[PDB]
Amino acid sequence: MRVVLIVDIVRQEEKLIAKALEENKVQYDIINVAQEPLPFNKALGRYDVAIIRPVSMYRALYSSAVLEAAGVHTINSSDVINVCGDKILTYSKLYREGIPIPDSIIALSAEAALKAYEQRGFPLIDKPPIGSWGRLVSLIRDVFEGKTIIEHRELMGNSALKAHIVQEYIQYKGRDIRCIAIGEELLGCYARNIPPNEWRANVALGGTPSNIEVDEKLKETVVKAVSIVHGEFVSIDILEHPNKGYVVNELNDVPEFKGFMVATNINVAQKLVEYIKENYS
């Protein structure tokens, strides 16, 4: 079995995956797609499996697509990256299947966004379908703030950022729940606690990890969500809602897992390499 590890900027996660590959005696190459072009040809077919780890979503998407063209199995697949990378596409699949999500209205213009704020009332959360680390996730408290947010997003250079996801603001436990699944099986979960002067739980924004016990309901919600999107190595963000119970907020197709490792002492890279060895050899 030959593995290719696809990178652009090598973070700790990529270093740990590389390390796990060598410690487990897996034949592997690294391709840096910030440095090398990828041809549509059969030459990449020399690899059995690709682990898709660029930090840029488009580099992940397109590197996966080119490798799949050559017949390489990619983790994750281009179809999964496309859906998990987009909140609206994710919510659509989850909602159709009866998996709880935050109550959401999609607005696709400035005019529609103002109408959605009027339908929802304040406070509310408005976020774009694309983004990580809490970027542009806004807690809108009144119409003045709403109107300024609409104006700002109208002046952005990616049209996806002009789509507004207008959601109920969930405020219950002061944290969110972050899970990892491999092969559509739950690896584990931990809690990210919202720090002072924040409304967002991301570790990147000062969110602090703690542990939770995973009950059957949480496990079922996470496994159902991962199965619906067919994600092979993904993270899942869950919010606790006072009436709905566990709601799925998003999935990530190139998950970071440093906080997960600190919180759980689970060797994510090792489990991932074991999984690949067990299924693709």
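Residue positions are given as counts along the sequence shown, with the first one as 1.
Stretch with the higher entry mean CA B-factor, where the candidates are 101-109 and 199-207: On average, C-alpha B-factors are higher across 199-207.
Mean C-alpha B-factor comparison - 59-67 and 237-245, higher one: Here the higher of the two C-alpha B-factor means belongs to 237-245.
Can you tell me which of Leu44, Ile51, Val33, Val223 has the maximum CA B-factor listed in the PDB entry? When the deposited C-alpha B-factors of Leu44, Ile51, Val33, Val223 are compared, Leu44 is largest.
Select lowest, middle or highest to describe the third in which the CA B-factor of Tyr117 falls within its chain in this entry. It belongs to the middle third of the chain when residues are ordered by C-alpha B-factor.
Split the chain's modelled residues into thirds by Cα B-factor; is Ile276 in the lowest, middle or highest one? For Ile276, whose C-alpha B-factor we compare with every modelled residue in the chain, the answer is the highest third.
Can you tell me which third, lowest, middle or highest, the CA B-factor of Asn158 falls into for its chain? Its C-alpha B-factor belongs to the highest third of this chain's values.
Classify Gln171 as lowest, middle or highest third according to the C-alpha B-factor given in the PDB entry, relative to its own chain. Answer is highest: the recorded C-alpha B-factor places it there.
What third of its chain, lowest, middle or highest, does the C-alpha temperature factor of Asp126 fall into? Answer is lowest: the recorded C-alpha B-factor places it there.
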